[PDB]
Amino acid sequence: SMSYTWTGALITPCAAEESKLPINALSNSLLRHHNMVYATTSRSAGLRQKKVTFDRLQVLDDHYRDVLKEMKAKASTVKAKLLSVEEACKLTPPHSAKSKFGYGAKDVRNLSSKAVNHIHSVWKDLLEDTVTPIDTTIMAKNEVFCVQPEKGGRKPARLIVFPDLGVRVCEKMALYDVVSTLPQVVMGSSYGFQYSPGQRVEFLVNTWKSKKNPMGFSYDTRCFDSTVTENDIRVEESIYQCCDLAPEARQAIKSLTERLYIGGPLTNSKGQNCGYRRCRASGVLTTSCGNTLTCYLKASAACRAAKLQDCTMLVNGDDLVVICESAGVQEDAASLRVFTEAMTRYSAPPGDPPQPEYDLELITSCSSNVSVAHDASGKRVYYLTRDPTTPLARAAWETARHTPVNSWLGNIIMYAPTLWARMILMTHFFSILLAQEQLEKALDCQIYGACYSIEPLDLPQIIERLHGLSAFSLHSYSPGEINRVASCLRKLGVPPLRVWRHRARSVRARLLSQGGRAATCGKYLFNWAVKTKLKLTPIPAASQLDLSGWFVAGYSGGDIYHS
């Protein structure tokens, strides 16, 4: 079965597309090597089409069926509810793509009669029709990256496939509660989206320590979405159906599976038929849950086929990392080969071949790695970090261009304890916010696929709640981390850390001068910049924050708003 079939109609833009890094008066203070930063556009959609287009074959053995039966057994304990039209509407992002039927995201959120009436008609159609393929729009994503080295210089735009707004609201009603609760029940501690950064680090560290002679590896599946077959998607449906559901929800899920999830026609922004899809749609509510369940199912069975010892997996959609009991460096390499052969038979061939790791800090999963620093008391502290190249390239772009998603904010929140997020991102962006008097302006960012509207002034409390106060006093980072950051800066032409420490003292002083929440930011976020630090005590508002739903499930491409 081919993942896609094309007509020849091009994947078209729905607006003007920029590829070169936009420059303004603030750009050079952050990055000088402008030519190293770019954004993907529809101009490379052709290259992407070739990569994601291929034949899929599956050979399912008993290990596969054994694991699936166990997953279904846990899924049977789940009771999920249907969401009312209003609840589904409120989960819709204010700037979600408008419907082709006379209404947009705001009309949905406002529960306008027109939107609500059309939504009900789509719902009724799903119940009456369980066969007609539902239309979807295919677009080229505009994402920012840094060039080099030998991966062709620049990577092609990724593709996004999504159904109409009316259908998206319907998915929420029938499956929001399911995709939010089922994964954790089925996979337990292996479900990665239930963890905050600190909790993820804790699980990785404790899992690593639970093995006599730990060995670990990340498994990179080549174009995971395209490796997902009709079988996989139907098996996913069988798992959802194991839940205790309202009869109406069962019909809608069966309908969505047959008409949308398994595949359907692809239409470009101009209304032309681009082809047909027979693999995972990247822009549906079940994309994250489906990829997670399927990755976990195939990997769990593969672990058995490979006979890995005391296996512990951590799955986030298509991102997989396994930690197990080492049986010698020789058998470890052989085991991974068997694991890989098993995954392949299941249709999930690897991109980069997997390799055994015997140093937890060298394993990258979800683009991150565990590292260590020290708190005020001098105690060793494990935290999550990553190479800052992409985060910095995106920050440069957002420095001169307002975007729907502010990656710099998401990165500060998730990587608040890191050297680079603290010295560069915080310093740079708070400087910009100060100068524009926009510290109180709520900005959107995405965490685990979901959209959140966050006020920068609330960062101190948010960071305390997610990482603890230690995020404001970590010091003495590892040489490896320091060197990776410093190297990254030289590559992009970003001023050295010493410059940022100097700038931070200024930003800090400026914030303190504003008093109120602004002062709190200067105090907590930049205490690392002064030689004579302070005490930094718990923030009252911190415990007042409603951080519910922040780290429960993944919703990548799920069109979810959690504010």
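When you see a residue number, it is the position in the sequence shown, counting from 1.
- The stretch 358-366 shows the higher mean C-alpha B-factor when 358-366 is compared against 188-196 in the entry.
- Per the PDB record, of the two stretches 464-472 and 427-435, 464-472 carries the greater mean B-factor over its C-alpha atoms.
- Within the listed group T418, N213, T344, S282, the record reports its top CA B-factor for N213.
- Residue set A553, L21, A542, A25: peak C-alpha B-factor at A542 (per PDB entry).
- Among all modelled residues in this chain, the alpha-carbon of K209 has a temperature factor (C-alpha) in the highest third.
- In this PDB entry, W528 carries a Cα temperature factor that places it within the highest third of its chain's modelled residues.
- In the PDB entry, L511 places in the highest third of its chain by CA B-factor.
- Looking at the C-alpha B-factors along this chain, the one for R158 belongs to the middle third.
- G263: CA B factor lies in the lowest third for its chain, per the PDB record.
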